[PDB]
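As structure tokens, one chain now follows by itself in the form deposited in one PDB entry.
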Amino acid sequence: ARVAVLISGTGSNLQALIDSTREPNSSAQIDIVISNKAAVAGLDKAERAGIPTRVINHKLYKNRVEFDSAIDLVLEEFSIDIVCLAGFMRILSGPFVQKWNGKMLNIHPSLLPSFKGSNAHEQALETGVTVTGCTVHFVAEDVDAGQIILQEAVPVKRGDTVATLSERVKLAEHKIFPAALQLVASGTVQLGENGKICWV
């Protein structure tokens, strides 16, 4: 299966996917990395790995639908089967999500359905949980509400900050995102017609 990875930043999840998809038994190959932001470290990681990159600046488009259409053009250019959102921080439009239904995965740094949104660690810390974690899910139109593929729990330590908690949770992200991508690329897991996850 041919994979696009979309990023907005550092790209540690991208790097874990590059490493995993290059193992001999990988059912996935990364053929393009797309960033909505220029000069982010994730682009360096892609280029060093010899993977093509495109920057599609969302600021340059009239609305969400036109931005998504620009992304979609590149996905078609590279005959992409599966999209991974790896630190990509834009909400996607309904028609784009619908087109890629069952083919697009996101990593989120909480145990969904807790702490949906763009500041999950801040929420976890404010709430005072002692266990958080991360989630890989299929992307649905409602943000962070799509069908869950894998999750991993991560303890919150007393005195944690966003810096220390995000560091600990990223170690788990780098485990489950490669595992989830392999499950979907191998056809082991799919989004069922009834909308629920199907292990074949």
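In this text, residue numbers run from 1 along the sequence as written. The term rigid core refers to the most C-alpha atoms you can superpose between the two forms while keeping them within 1.5 Å.
Enquirer: Identify the stretch, either 7 to 15 or 178 to 186, whose C-alpha atoms have the larger mean B-factor according to the entry.
Expert: The deposited B-factors put 7 to 15 ahead on the C-alpha mean.
Enquirer: Looking at the deposited entry, does 187 to 195 or 19 to 27 carry the larger mean Cα B-factor?
Expert: That would be 187 to 195.
Enquirer: Check the PDB entry and point out which of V40, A140, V156, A153 has the largest C-alpha temperature factor.
Expert: Within the set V40, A140, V156, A153, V40 shows the top C-alpha B-factor.
Enquirer: Between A70, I148, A172, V131, which carries the biggest CA temperature factor in the record?
Expert: In the PDB entry, the greatest C-alpha B-factor among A70, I148, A172, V131 is found at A70.
Enquirer: Taking only the Cα B-factors deposited for this chain, tell me whether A86 sits in the lowest, middle or highest third.
Expert: Middle third.
Enquirer: Please place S79 in the lowest, middle or highest third of its chain by C-alpha B factor as given in the entry.
Expert: Middle third by C-alpha B-factor.
Enquirer: For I32, does the deposited CA B-factor place it in the lowest, middle or highest third of the chain?
Expert: Middle third of the chain for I32's C-alpha B-factor.
Enquirer: Check where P109 lands among this chain's C-alpha B-factors and tell me if it's the lowest, middle or highest third.
Expert: Ranked within chain, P109 CA B lands in the lowest tercile.
Same protein, other form: the form deposited in another entry, not shown, and the subject of what follows.
Enquirer: After superposing the two forms on their rigid core, pick out the one entry in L165, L150, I32, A70 with a CA shift of 2 Å or more between the shown form and the other one.
Expert: It is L165.
Enquirer: If I superpose the two forms on their rigid core, does the C-alpha of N119 end up displaced by 2 Å or more between the shown form and the other one?
Expert: Yes; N119 is a residue whose C-alpha shifts (by 2 Å or more) between the shown form and the other one when the cores are overlaid.
Enquirer: Determine whether the C-alpha of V129 shifts by 2 Å or more between the shown form and the other one once the rigid core is superposed.
Expert: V129 C-alpha, core-superposed: shift of 2 Å or more.
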